[PDB]
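Working notes, beginning with the structure itself.
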Amino acid sequence: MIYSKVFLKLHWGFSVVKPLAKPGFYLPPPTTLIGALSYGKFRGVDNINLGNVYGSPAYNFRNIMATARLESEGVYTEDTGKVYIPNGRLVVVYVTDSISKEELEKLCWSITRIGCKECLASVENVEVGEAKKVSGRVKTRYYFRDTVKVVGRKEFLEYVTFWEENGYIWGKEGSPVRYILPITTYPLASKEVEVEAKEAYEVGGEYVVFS
RNA sequence: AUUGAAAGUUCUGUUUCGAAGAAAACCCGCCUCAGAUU
Numbered sequence: 016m017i018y019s020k021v022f023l024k025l026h027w028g029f030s031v032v033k034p035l036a037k038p039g040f041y042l043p044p045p046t047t048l049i050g051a052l053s054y055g056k057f058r059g060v061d062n063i064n065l066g067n068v069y070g071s072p073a074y075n076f077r078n079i080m081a082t083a084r085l086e087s088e089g090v091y092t093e094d095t096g097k098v099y100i101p102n103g104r105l106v107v108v109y110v111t112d113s114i115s116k117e118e119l120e121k122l123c124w125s126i127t128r129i130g131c132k133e134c135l136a137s138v139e140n141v142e143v144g145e146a147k148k149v150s151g152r153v154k155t156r157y158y159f160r161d162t163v164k165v166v167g168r169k170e171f172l173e174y175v176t177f178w179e180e181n182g183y184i185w186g187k188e189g190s191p192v193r194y195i196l197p198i199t200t201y202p203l204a205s206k207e208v209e210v211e212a213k214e215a216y217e218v219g220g221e222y223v224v225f226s
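Residue numbering for the first sequence follows my numbering, beginning at 16 and increasing consecutively.
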């Protein structure tokens, strides 16, 4: 298992509109992270034949783990949900075991937007390393699944929903999956939470929980 | 190339007209640069 860390310098903020009134999302979903990662290699094509239908030029990377967190305070607005956080900083962690270290390192230097067109985001630095798997009690900031149990005080658990990879194809709706965010509703911020992780990877001082 | 892809809430308008801070009142009533020199 290998892992990478990125330091993104947002320009004004991202934007993602919920499926099915156009409210947005507090933090980018995993699908957007995977797509932003894949953008580097597929720069110039918007349709690839999956063998049955054209769904997206990102179905290749549908088996990579990723999470992200904020390093500042942001304000959520509805005026089309937006999360204004100009000049802020986003920290994204990729956990993967498919490609070699050089591939991921070069890809991580090839991200220039998360969300829609306007969500320009520079990249400040990247780190690459190995991960050690454990199952003991840990403290984490990156969001996790709804199925994960909680040991600490129930104070900042926000319940949201996401879609599986099946949504990469048009004319279809991805399955709904519950997720938990350790966030403060207003102002937006990131707070640590203790968890009895069954499968968590240590990625250089921060523990990440996936199940 | 990411619930992503595709879009301007934009066009037209005076705060304008008129009205004296004006009239009355003393700085003025007293004082030496003086005595000695080739």
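Ideal Cβ positions, reconstructed from N, Cα and C, are used throughout, including at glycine.
(message) Can you give me the C-alpha to C-alpha distance between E207 and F40, rounded to a whole angstrom?
(response) As a working mapping, residue 207 is identified with position 192 in the first sequence. As a working mapping, residue 40 is identified with position 25 in the first sequence. Cα to Cα, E207 sits roughly 20 angstroms from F40.
(request) Could you give the DSSP three-state label for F171: helix, strand or coil? (result) Here residue 171 refers to the residue found at position 156 when the first sequence is read from its first residue. If DSSP states are grouped into helix, strand and coil, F171 belongs with coil.
(request) Please confirm if the stretch 195-215 is in contact with the stretch 123-135, defined as three or more CB-CB distances below 8 angstroms between the two stretches. (result) no
(request) Starting from the N-terminal side, write out each stretch of the alpha helix (DSSP H) that is 4 residues or longer and does not extend beyond the stretch 73-143. (result) 116-123
(message) I need the straight-line Cα distance from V107 to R156, nearest angstrom please.
(response) Taking the first residue of the first sequence as 1, we reach residue 107 at position 92. Taking the first residue of the first sequence as 1, we reach residue 156 at position 141. The straight-line gap from Cα to Cα measures roughly 11 angstroms.
(request) Taking 8 angstroms as the threshold, find out whether the stretch 44-60 comes into contact with the stretch 77-91 through three or more Cβ pairs. (result) yes
(request) Check each candidate in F57, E170, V166, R160 and name the one with the smallest Cα separation from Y74. (result) In the first sequence, counting from the first residue as 1, residue 74 sits at position 59. Checking every option, the nearest Cα to that of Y74 belongs to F57.
(message) Can you tell me whether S53 is helix, strand or coil according to DSSP?
(response) Walking along the first sequence from the start, residue 53 turns up at place 38. Looking at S53 - three-state DSSP - the assignment turns out to be helix.
(message) Tell me whether the stretch 118-129 and the stretch 169-187 touch, counting them as touching only if at least three CB pairs, one residue from each stretch, are closer than 8 angstroms.
(response) no
(request) Ignore the nearest five residues each way along the sequence and tell me which others in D112's own chain have a CB closer than 7 angstroms to its CB. (result) Working through the first sequence from its first residue, we reach residue 112 at position 97. Within the same chain, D112 has close Cβ partners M16, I17.
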